[PDB]
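What's in final-v9.pdb: PDB, C-alpha atoms and all ligand atoms
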ATOM      1  CA  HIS A   1       0.000   0.000   0.000  1.00  0.00           C
ATOM      2  CA  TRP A   2       1.282   3.505  -0.833  1.00  0.00           C
ATOM      3  CA  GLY A   3       2.457   6.046   1.737  1.00  0.00           C
ATOM      4  CA  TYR A   4       5.240   8.599   2.235  1.00  0.00           C
ATOM      5  CA  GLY A   5       8.122   6.406   3.366  1.00  0.00           C
ATOM      6  CA  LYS A   6      11.349   5.575   1.548  1.00  0.00           C
ATOM      7  CA  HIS A   7       9.924   2.462  -0.078  1.00  0.00           C
ATOM      8  CA  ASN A   8       6.315   3.443  -0.757  1.00  0.00           C
ATOM      9  CA  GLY A   9       6.597   7.214  -1.233  1.00  0.00           C
ATOM     10  CA  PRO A  10       5.548   9.586  -4.094  1.00  0.00           C
ATOM     11  CA  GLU A  11       8.436   8.469  -6.336  1.00  0.00           C
ATOM     12  CA  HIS A  12       6.981   4.925  -6.331  1.00  0.00           C
ATOM     13  CA  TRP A  13       3.310   5.801  -6.954  1.00  0.00           C
ATOM     14  CA  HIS A  14       3.531   5.681 -10.743  1.00  0.00           C
ATOM     15  CA  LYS A  15       3.959   1.856 -10.614  1.00  0.00           C
ATOM     16  CA  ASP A  16       0.395   1.313  -9.340  1.00  0.00           C
ATOM     17  CA  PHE A  17      -1.016   4.614 -10.633  1.00  0.00           C
ATOM     18  CA  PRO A  18       0.384   5.433 -14.101  1.00  0.00           C
ATOM     19  CA  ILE A  19      -1.518   8.744 -14.104  1.00  0.00           C
ATOM     20  CA  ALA A  20       1.121   9.977 -11.609  1.00  0.00           C
ATOM     21  CA  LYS A  21       3.086  10.950 -14.767  1.00  0.00           C
ATOM     22  CA  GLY A  22       0.139  12.595 -16.514  1.00  0.00           C
ATOM     23  CA  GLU A  23      -0.406  16.007 -18.076  1.00  0.00           C
ATOM     24  CA  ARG A  24      -2.191  17.742 -15.183  1.00  0.00           C
ATOM     25  CA  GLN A  25      -0.731  16.501 -11.919  1.00  0.00           C
ATOM     26  CA  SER A  26      -0.683  18.464  -8.655  1.00  0.00           C
ATOM     27  CA  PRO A  27       0.810  20.064  -6.660  1.00  0.00           C
ATOM     28  CA  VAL A  28       2.837  22.564  -8.677  1.00  0.00           C
ATOM     29  CA  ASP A  29       5.135  25.471  -7.869  1.00  0.00           C
ATOM     30  CA  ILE A  30       3.404  28.823  -8.385  1.00  0.00           C
ATOM     31  CA  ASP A  31       5.788  31.231 -10.108  1.00  0.00           C
ATOM     32  CA  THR A  32       4.231  34.585  -9.213  1.00  0.00           C
ATOM     33  CA  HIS A  33       6.021  36.293 -12.101  1.00  0.00           C
ATOM     34  CA  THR A  34       4.731  34.103 -14.924  1.00  0.00           C
ATOM     35  CA  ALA A  35       1.164  33.718 -13.587  1.00  0.00           C
ATOM     36  CA  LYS A  36      -1.239  35.696 -15.791  1.00  0.00           C
ATOM     37  CA  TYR A  37      -3.562  38.207 -14.170  1.00  0.00           C
ATOM     38  CA  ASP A  38      -6.937  37.383 -15.717  1.00  0.00           C
ATOM     39  CA  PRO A  39      -9.433  40.284 -15.429  1.00  0.00           C
ATOM     40  CA  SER A  40     -12.319  37.990 -16.458  1.00  0.00           C
ATOM     41  CA  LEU A  41     -11.939  35.897 -13.256  1.00  0.00           C
ATOM     42  CA  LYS A  42     -14.829  36.519 -10.804  1.00  0.00           C
ATOM     43  CA  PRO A  43     -14.575  36.820  -7.000  1.00  0.00           C
ATOM     44  CA  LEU A  44     -14.859  33.573  -5.031  1.00  0.00           C
ATOM     45  CA  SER A  45     -18.167  32.909  -3.328  1.00  0.00           C
ATOM     46  CA  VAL A  46     -17.754  30.881  -0.117  1.00  0.00           C
ATOM     47  CA  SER A  47     -20.999  30.061   1.699  1.00  0.00           C
ATOM     48  CA  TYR A  48     -20.231  28.076   4.829  1.00  0.00           C
ATOM     49  CA  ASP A  49     -22.803  29.525   7.259  1.00  0.00           C
ATOM     50  CA  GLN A  50     -24.944  26.362   7.148  1.00  0.00           C
ATOM     51  CA  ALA A  51     -22.004  23.921   7.302  1.00  0.00           C
ATOM     52  CA  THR A  52     -22.615  20.686   9.271  1.00  0.00           C
ATOM     53  CA  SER A  53     -19.460  18.850  10.338  1.00  0.00           C
ATOM     54  CA  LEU A  54     -19.971  15.207  11.302  1.00  0.00           C
ATOM     55  CA  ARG A  55     -16.706  13.631  12.352  1.00  0.00           C
ATOM     56  CA  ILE A  56     -12.938  13.533  12.206  1.00  0.00           C
ATOM     57  CA  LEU A  57     -11.031  10.493  11.034  1.00  0.00           C
ATOM     58  CA  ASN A  58      -7.384   9.353  10.845  1.00  0.00           C
ATOM     59  CA  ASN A  59      -7.228   7.491   7.512  1.00  0.00           C
ATOM     60  CA  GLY A  60      -3.586   6.460   7.742  1.00  0.00           C
ATOM     61  CA  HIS A  61      -2.209   9.335   5.655  1.00  0.00           C
ATOM     62  CA  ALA A  62      -3.854  12.462   7.129  1.00  0.00           C
ATOM     63  CA  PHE A  63      -6.904  13.344   9.182  1.00  0.00           C
ATOM     64  CA  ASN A  64     -10.147  14.383   7.504  1.00  0.00           C
ATOM     65  CA  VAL A  65     -12.909  16.460   9.008  1.00  0.00           C
ATOM     66  CA  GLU A  66     -16.060  15.313   7.125  1.00  0.00           C
ATOM     67  CA  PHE A  67     -19.210  17.300   6.430  1.00  0.00           C
ATOM     68  CA  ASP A  68     -22.770  16.406   5.552  1.00  0.00           C
ATOM     69  CA  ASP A  69     -22.971  16.923   1.764  1.00  0.00           C
ATOM     70  CA  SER A  70     -26.505  15.590   1.196  1.00  0.00           C
ATOM     71  CA  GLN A  71     -27.719  19.163   0.515  1.00  0.00           C
ATOM     72  CA  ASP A  72     -26.339  22.548  -0.496  1.00  0.00           C
ATOM     73  CA  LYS A  73     -25.302  23.458   3.050  1.00  0.00           C
ATOM     74  CA  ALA A  74     -21.664  24.549   2.590  1.00  0.00           C
ATOM     75  CA  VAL A  75     -20.927  25.561  -0.975  1.00  0.00           C
ATOM     76  CA  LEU A  76     -18.297  27.179  -3.137  1.00  0.00           C
ATOM     77  CA  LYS A  77     -18.997  28.964  -6.402  1.00  0.00           C
ATOM     78  CA  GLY A  78     -17.779  31.835  -8.534  1.00  0.00           C
ATOM     79  CA  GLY A  79     -14.093  32.315  -9.231  1.00  0.00           C
ATOM     80  CA  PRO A  80     -13.207  30.159 -12.288  1.00  0.00           C
ATOM     81  CA  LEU A  81     -16.086  27.743 -11.529  1.00  0.00           C
ATOM     82  CA  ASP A  82     -19.350  26.949 -13.311  1.00  0.00           C
ATOM     83  CA  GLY A  83     -21.995  25.488 -11.072  1.00  0.00           C
ATOM     84  CA  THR A  84     -22.163  24.716  -7.401  1.00  0.00           C
ATOM     85  CA  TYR A  85     -19.581  22.709  -5.467  1.00  0.00           C
ATOM     86  CA  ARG A  86     -20.445  21.101  -2.076  1.00  0.00           C
ATOM     87  CA  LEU A  87     -17.859  20.814   0.697  1.00  0.00           C
ATOM     88  CA  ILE A  88     -17.292  17.173   1.624  1.00  0.00           C
ATOM     89  CA  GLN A  89     -14.118  17.335   3.769  1.00  0.00           C
ATOM     90  CA  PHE A  90     -10.956  19.207   4.639  1.00  0.00           C
ATOM     91  CA  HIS A  91      -7.516  17.867   5.638  1.00  0.00           C
ATOM     92  CA  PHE A  92      -3.922  19.080   5.948  1.00  0.00           C
ATOM     93  CA  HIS A  93      -0.397  18.185   4.792  1.00  0.00           C
ATOM     94  CA  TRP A  94       2.433  19.063   7.170  1.00  0.00           C
ATOM     95  CA  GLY A  95       6.127  18.590   7.735  1.00  0.00           C
ATOM     96  CA  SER A  96       8.477  17.213  10.362  1.00  0.00           C
ATOM     97  CA  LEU A  97       9.954  20.728  10.586  1.00  0.00           C
ATOM     98  CA  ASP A  98       8.522  24.227  10.076  1.00  0.00           C
ATOM     99  CA  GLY A  99      10.419  24.758   6.822  1.00  0.00           C
ATOM    100  CA  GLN A 100       8.416  22.147   4.915  1.00  0.00           C
ATOM    101  CA  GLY A 101       4.953  20.634   4.821  1.00  0.00           C
ATOM    102  CA  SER A 102       2.961  22.343   2.052  1.00  0.00           C
ATOM    103  CA  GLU A 103       2.397  20.601  -1.283  1.00  0.00           C
ATOM    104  CA  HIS A 104       1.997  23.732  -3.384  1.00  0.00           C
ATOM    105  CA  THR A 105       4.886  26.171  -3.122  1.00  0.00           C
ATOM    106  CA  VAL A 106       5.057  29.893  -4.040  1.00  0.00           C
ATOM    107  CA  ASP A 107       8.244  30.910  -5.869  1.00  0.00           C
ATOM    108  CA  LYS A 108       9.823  27.681  -4.541  1.00  0.00           C
ATOM    109  CA  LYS A 109       8.939  28.672  -0.970  1.00  0.00           C
ATOM    110  CA  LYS A 110       7.496  25.848   1.170  1.00  0.00           C
ATOM    111  CA  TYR A 111       5.118  26.583   4.087  1.00  0.00           C
ATOM    112  CA  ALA A 112       4.757  24.661   7.364  1.00  0.00           C
ATOM    113  CA  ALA A 113       1.460  23.086   6.280  1.00  0.00           C
ATOM    114  CA  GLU A 114      -1.342  23.242   3.732  1.00  0.00           C
ATOM    115  CA  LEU A 115      -5.071  23.089   4.392  1.00  0.00           C
ATOM    116  CA  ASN A 116      -7.258  21.656   1.598  1.00  0.00           C
ATOM    117  CA  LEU A 117     -11.055  22.136   1.522  1.00  0.00           C
ATOM    118  CA  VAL A 118     -12.476  19.627  -0.984  1.00  0.00           C
ATOM    119  CA  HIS A 119     -15.725  20.268  -2.885  1.00  0.00           C
ATOM    120  CA  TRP A 120     -17.508  18.265  -5.594  1.00  0.00           C
ATOM    121  CA  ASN A 121     -19.637  19.568  -8.488  1.00  0.00           C
ATOM    122  CA  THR A 122     -23.339  18.988  -7.753  1.00  0.00           C
ATOM    123  CA  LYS A 123     -24.056  18.461 -11.447  1.00  0.00           C
ATOM    124  CA  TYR A 124     -22.618  14.954 -10.970  1.00  0.00           C
ATOM    125  CA  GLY A 125     -24.850  13.762  -8.120  1.00  0.00           C
ATOM    126  CA  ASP A 126     -22.231  12.214  -5.837  1.00  0.00           C
ATOM    127  CA  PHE A 127     -18.542  12.467  -5.010  1.00  0.00           C
ATOM    128  CA  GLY A 128     -17.710   9.167  -6.731  1.00  0.00           C
ATOM    129  CA  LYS A 129     -19.021  10.327 -10.136  1.00  0.00           C
ATOM    130  CA  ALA A 130     -17.491  13.783  -9.747  1.00  0.00           C
ATOM    131  CA  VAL A 131     -13.927  12.447  -9.465  1.00  0.00           C
ATOM    132  CA  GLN A 132     -14.307  10.944 -12.953  1.00  0.00           C
ATOM    133  CA  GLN A 133     -14.941  14.351 -14.579  1.00  0.00           C
ATOM    134  CA  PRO A 134     -12.408  16.996 -15.657  1.00  0.00           C
ATOM    135  CA  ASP A 135     -14.379  19.629 -13.697  1.00  0.00           C
ATOM    136  CA  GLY A 136     -15.559  17.313 -10.937  1.00  0.00           C
ATOM    137  CA  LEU A 137     -13.784  18.817  -7.928  1.00  0.00           C
ATOM    138  CA  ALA A 138     -12.777  22.257  -6.694  1.00  0.00           C
ATOM    139  CA  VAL A 139     -10.140  22.261  -3.952  1.00  0.00           C
ATOM    140  CA  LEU A 140      -9.265  25.335  -1.913  1.00  0.00           C
ATOM    141  CA  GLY A 141      -5.619  25.456  -0.865  1.00  0.00           C
ATOM    142  CA  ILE A 142      -4.575  27.570   2.153  1.00  0.00           C
ATOM    143  CA  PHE A 143      -0.981  27.889   3.419  1.00  0.00           C
ATOM    144  CA  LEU A 144      -0.083  27.797   7.104  1.00  0.00           C
ATOM    145  CA  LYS A 145       2.956  29.629   8.460  1.00  0.00           C
ATOM    146  CA  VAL A 146       4.144  29.457  12.114  1.00  0.00           C
ATOM    147  CA  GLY A 147       3.408  32.649  14.032  1.00  0.00           C
ATOM    148  CA  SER A 148       0.569  33.493  16.409  1.00  0.00           C
ATOM    149  CA  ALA A 149      -2.095  30.893  17.268  1.00  0.00           C
ATOM    150  CA  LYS A 150      -5.166  30.448  15.090  1.00  0.00           C
ATOM    151  CA  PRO A 151      -8.169  30.399  17.504  1.00  0.00           C
ATOM    152  CA  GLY A 152     -10.460  28.604  15.066  1.00  0.00           C
ATOM    153  CA  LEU A 153      -8.044  25.731  14.626  1.00  0.00           C
ATOM    154  CA  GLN A 154      -7.892  24.853  18.334  1.00  0.00           C
ATOM    155  CA  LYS A 155     -11.022  22.661  18.460  1.00  0.00           C
ATOM    156  CA  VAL A 156      -9.383  20.505  15.769  1.00  0.00           C
ATOM    157  CA  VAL A 157      -6.058  20.390  17.627  1.00  0.00           C
ATOM    158  CA  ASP A 158      -7.664  19.320  20.920  1.00  0.00           C
ATOM    159  CA  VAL A 159      -9.460  16.342  19.437  1.00  0.00           C
ATOM    160  CA  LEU A 160      -6.336  14.807  17.829  1.00  0.00           C
ATOM    161  CA  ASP A 161      -5.495  12.669  20.900  1.00  0.00           C
ATOM    162  CA  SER A 162      -8.614  10.561  20.356  1.00  0.00           C
ATOM    163  CA  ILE A 163      -7.750   9.698  16.726  1.00  0.00           C
ATOM    164  CA  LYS A 164      -4.019   9.051  17.221  1.00  0.00           C
ATOM    165  CA  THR A 165      -3.890   5.932  15.070  1.00  0.00           C
ATOM    166  CA  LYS A 166      -5.135   4.783  11.633  1.00  0.00           C
ATOM    167  CA  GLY A 167      -8.795   3.814  11.572  1.00  0.00           C
ATOM    168  CA  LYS A 168      -9.874   5.830  14.589  1.00  0.00           C
ATOM    169  CA  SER A 169     -12.639   8.412  14.253  1.00  0.00           C
ATOM    170  CA  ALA A 170     -14.507  10.735  16.598  1.00  0.00           C
ATOM    171  CA  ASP A 171     -17.789  12.641  16.385  1.00  0.00           C
ATOM    172  CA  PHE A 172     -16.937  16.212  15.473  1.00  0.00           C
ATOM    173  CA  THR A 173     -20.081  18.317  15.218  1.00  0.00           C
ATOM    174  CA  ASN A 174     -20.671  22.055  15.092  1.00  0.00           C
ATOM    175  CA  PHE A 175     -17.204  22.957  13.809  1.00  0.00           C
ATOM    176  CA  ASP A 176     -17.238  26.158  11.751  1.00  0.00           C
ATOM    177  CA  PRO A 177     -14.760  26.116   8.845  1.00  0.00           C
ATOM    178  CA  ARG A 178     -15.063  29.904   8.431  1.00  0.00           C
ATOM    179  CA  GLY A 179     -12.543  30.242  11.255  1.00  0.00           C
ATOM    180  CA  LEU A 180      -9.807  28.859   9.010  1.00  0.00           C
ATOM    181  CA  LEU A 181     -10.134  31.387   6.160  1.00  0.00           C
ATOM    182  CA  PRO A 182      -7.635  34.224   5.657  1.00  0.00           C
ATOM    183  CA  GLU A 183      -9.138  37.747   5.442  1.00  0.00           C
ATOM    184  CA  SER A 184      -8.446  38.076   1.690  1.00  0.00           C
ATOM    185  CA  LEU A 185      -9.756  35.689  -0.998  1.00  0.00           C
ATOM    186  CA  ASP A 186      -7.262  36.668  -3.759  1.00  0.00           C
ATOM    187  CA  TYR A 187      -6.144  33.490  -5.515  1.00  0.00           C
ATOM    188  CA  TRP A 188      -4.254  31.620  -8.194  1.00  0.00           C
ATOM    189  CA  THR A 189      -6.066  28.924 -10.177  1.00  0.00           C
ATOM    190  CA  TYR A 190      -4.929  26.118 -12.494  1.00  0.00           C
ATOM    191  CA  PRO A 191      -6.297  22.750 -13.743  1.00  0.00           C
ATOM    192  CA  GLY A 192      -4.853  19.880 -11.686  1.00  0.00           C
ATOM    193  CA  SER A 193      -5.384  16.605  -9.814  1.00  0.00           C
ATOM    194  CA  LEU A 194      -5.871  14.800  -6.522  1.00  0.00           C
ATOM    195  CA  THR A 195      -2.460  14.710  -4.767  1.00  0.00           C
ATOM    196  CA  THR A 196      -2.826  11.197  -3.310  1.00  0.00           C
ATOM    197  CA  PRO A 197      -3.701   8.012  -5.271  1.00  0.00           C
ATOM    198  CA  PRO A 198      -5.804   7.492  -7.402  1.00  0.00           C
ATOM    199  CA  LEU A 199      -4.363  10.899  -8.515  1.00  0.00           C
ATOM    200  CA  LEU A 200      -7.335  11.602 -10.819  1.00  0.00           C
ATOM    201  CA  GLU A 201      -7.071  14.751 -12.931  1.00  0.00           C
ATOM    202  CA  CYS A 202     -10.469  16.129 -11.898  1.00  0.00           C
ATOM    203  CA  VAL A 203      -9.504  19.193  -9.864  1.00  0.00           C
ATOM    204  CA  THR A 204      -9.765  22.932 -10.466  1.00  0.00           C
ATOM    205  CA  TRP A 205      -7.272  24.228  -7.939  1.00  0.00           C
ATOM    206  CA  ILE A 206      -7.898  27.532  -6.139  1.00  0.00           C
ATOM    207  CA  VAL A 207      -4.870  28.463  -4.035  1.00  0.00           C
ATOM    208  CA  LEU A 208      -5.239  31.497  -1.781  1.00  0.00           C
ATOM    209  CA  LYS A 209      -2.525  34.142  -1.857  1.00  0.00           C
ATOM    210  CA  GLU A 210      -2.740  34.946   1.839  1.00  0.00           C
ATOM    211  CA  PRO A 211      -1.622  32.351   4.373  1.00  0.00           C
ATOM    212  CA  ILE A 212      -3.024  31.911   7.879  1.00  0.00           C
ATOM    213  CA  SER A 213      -0.779  31.757  10.970  1.00  0.00           C
ATOM    214  CA  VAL A 214      -0.800  28.890  13.468  1.00  0.00           C
ATOM    215  CA  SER A 215       1.323  28.544  16.596  1.00  0.00           C
ATOM    216  CA  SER A 216       4.326  26.276  16.942  1.00  0.00           C
ATOM    217  CA  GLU A 217       2.374  24.441  19.671  1.00  0.00           C
ATOM    218  CA  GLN A 218      -0.570  23.913  17.304  1.00  0.00           C
ATOM    219  CA  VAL A 219       1.542  22.448  14.468  1.00  0.00           C
ATOM    220  CA  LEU A 220       3.383  20.341  17.060  1.00  0.00           C
ATOM    221  CA  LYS A 221       0.090  18.556  17.787  1.00  0.00           C
ATOM    222  CA  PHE A 222      -0.262  17.403  14.129  1.00  0.00           C
ATOM    223  CA  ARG A 223       3.153  15.755  14.431  1.00  0.00           C
ATOM    224  CA  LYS A 224       1.946  13.445  17.234  1.00  0.00           C
ATOM    225  CA  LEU A 225      -0.437  11.505  14.998  1.00  0.00           C
ATOM    226  CA  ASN A 226       0.492   8.030  13.714  1.00  0.00           C
ATOM    227  CA  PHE A 227       0.414   6.535  10.206  1.00  0.00           C
ATOM    228  CA  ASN A 228       0.119   3.109  11.903  1.00  0.00           C
ATOM    229  CA  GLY A 229      -2.924   1.422  13.378  1.00  0.00           C
ATOM    230  CA  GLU A 230      -3.201   0.723  17.116  1.00  0.00           C
ATOM    231  CA  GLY A 231      -0.876  -1.915  18.535  1.00  0.00           C
ATOM    232  CA  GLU A 232       1.523  -1.748  15.573  1.00  0.00           C
ATOM    233  CA  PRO A 233       4.977  -0.105  15.616  1.00  0.00           C
ATOM    234  CA  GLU A 234       4.758   3.701  15.886  1.00  0.00           C
ATOM    235  CA  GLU A 235       5.447   5.788  12.765  1.00  0.00           C
ATOM    236  CA  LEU A 236       4.804   9.467  13.351  1.00  0.00           C
ATOM    237  CA  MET A 237       2.547  11.092  10.753  1.00  0.00           C
ATOM    238  CA  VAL A 238       4.858  13.800   9.370  1.00  0.00           C
ATOM    239  CA  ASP A 239       5.881  14.897   5.862  1.00  0.00           C
ATOM    240  CA  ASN A 240       2.687  13.609   4.232  1.00  0.00           C
ATOM    241  CA  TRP A 241       3.203  15.897   1.222  1.00  0.00           C
ATOM    242  CA  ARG A 242       3.891  15.199  -2.449  1.00  0.00           C
ATOM    243  CA  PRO A 243       6.649  17.241  -4.199  1.00  0.00           C
ATOM    244  CA  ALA A 244       5.821  19.767  -6.925  1.00  0.00           C
ATOM    245  CA  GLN A 245       5.055  18.261 -10.334  1.00  0.00           C
ATOM    246  CA  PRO A 246       5.981  19.703 -13.750  1.00  0.00           C
ATOM    247  CA  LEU A 247       3.591  22.377 -15.001  1.00  0.00           C
ATOM    248  CA  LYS A 248       3.735  21.279 -18.663  1.00  0.00           C
ATOM    249  CA  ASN A 249       0.924  22.610 -20.942  1.00  0.00           C
ATOM    250  CA  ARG A 250      -0.663  24.696 -18.175  1.00  0.00           C
ATOM    251  CA  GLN A 251      -1.197  28.346 -17.368  1.00  0.00           C
ATOM    252  CA  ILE A 252      -1.646  29.568 -13.787  1.00  0.00           C
ATOM    253  CA  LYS A 253      -4.051  32.513 -13.654  1.00  0.00           C
ATOM    254  CA  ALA A 254      -4.224  35.095 -10.865  1.00  0.00           C
ATOM    255  CA  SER A 255      -7.355  36.957  -9.716  1.00  0.00           C
ATOM    256  CA  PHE A 256      -5.208  39.914  -8.634  1.00  0.00           C
ATOM    257  CA  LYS A 257      -2.461  42.061 -10.130  1.00  0.00           C
TER     258      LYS A 257
HETATM  259 ZN    ZN H   1      -4.535  17.309   0.174  1.00  0.00          ZN
END
Encoding of this model in structure tokens:
Amino acid sequence: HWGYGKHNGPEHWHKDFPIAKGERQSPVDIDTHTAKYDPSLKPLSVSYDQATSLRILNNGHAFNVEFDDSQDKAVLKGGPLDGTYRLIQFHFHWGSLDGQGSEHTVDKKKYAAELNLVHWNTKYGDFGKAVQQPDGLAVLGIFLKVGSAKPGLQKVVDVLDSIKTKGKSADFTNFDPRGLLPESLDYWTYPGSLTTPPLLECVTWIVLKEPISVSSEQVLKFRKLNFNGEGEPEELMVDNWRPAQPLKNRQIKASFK
């Protein structure tokens, strides 16, 4: 089974998932100087006031906070998107040290972590069908840098002890994802893919320009999770990020100049 270790890491994925070498793989490095400001890009529309979180789960490679997506409760639209996208879950990628952890990079600069809010296009009926379409998913990428604590992230940090190992989950209701958004919604957008197998090229990436700050103590808590299941040898869950992939035939657009 794939992972992030020396023998089953990103460089090995192509053997079981040939699309790892495809034309629109993520993440990528965002070169702020060659990104084209596109005046036709609309402002993002994030509607999370009716969001219903259900639970948090350690899936062996990250932890996902899942939401009820049976109705248009938490949606994303506008920006470079056509149609409505429902939020299904959010997760993070982090490093063993503060100088690494993000998947996307800005001018080769790596951040301590990266938050991804995953949404699927309602036109397709369910998440499973959406991943098979070129415009099936819309993922919001938000960078985390170490500085002052992020109040809204604390409820997530405090629950991590109960989902230490792979397979564990915990009820996680009434969490408001609006507390994780930076103040500005300026962004870069490009056509890409899922960053973990099956690596399907069904994602319209929306990476926010402005990072959020989290405390050293907060990021430290992420590093206490385990890739392993209970009772097995302990492998700390750190560096669960895939390196930048070649841009190829793609243009990165910016909503700001
Ligand atoms: Zn991710």
Quick one: distance from atom CA of residue A:130 to atom CA of residue A:73 in Å, one decimal?
-> 17.8 Å
Any chance you could tabulate, as a Markdown table, the residues of chain A at most 8 Å from ligand ZN 1 (chain H) with each one's nearest atom pair and distance in Å to one decimal, using all atoms listed in the file, in chain and rising number order?
| residue | atom | partner | partner_atom | distance |
| --- | --- | --- | --- | --- |
| A:91 | CA | H:ZN1 | ZN | 6.2 |
| A:92 | CA | H:ZN1 | ZN | 6.1 |
| A:93 | CA | H:ZN1 | ZN | 6.3 |
| A:103 | CA | H:ZN1 | ZN | 7.8 |
| A:114 | CA | H:ZN1 | ZN | 7.6 |
| A:115 | CA | H:ZN1 | ZN | 7.2 |
| A:116 | CA | H:ZN1 | ZN | 5.3 |
| A:194 | CA | H:ZN1 | ZN | 7.3 |
| A:195 | CA | H:ZN1 | ZN | 6.0 |
| A:196 | CA | H:ZN1 | ZN | 7.2 |
| A:241 | CA | H:ZN1 | ZN | 7.9 |
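Distance-wise, atom CA of residue A:122 and atom CA of residue A:77 end up 11.0 Å apart.
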Using the chain letters and numbers from the file, give me the residues hit by the PyMOL selection byres (((chain A and resi 57) around 12) and not hetatm), as a PyMOL selection string.
-> chain A and resi 53-56+58-67+89-91+156+159-172+225
If you count only C-alpha atoms, which residues fall within 9 Å of residue A:120, apart from same-chain ones fewer than 2 positions away, as number ranges by chain?
-> A: 84-88, 118, 122-127, 130-131, 135-139
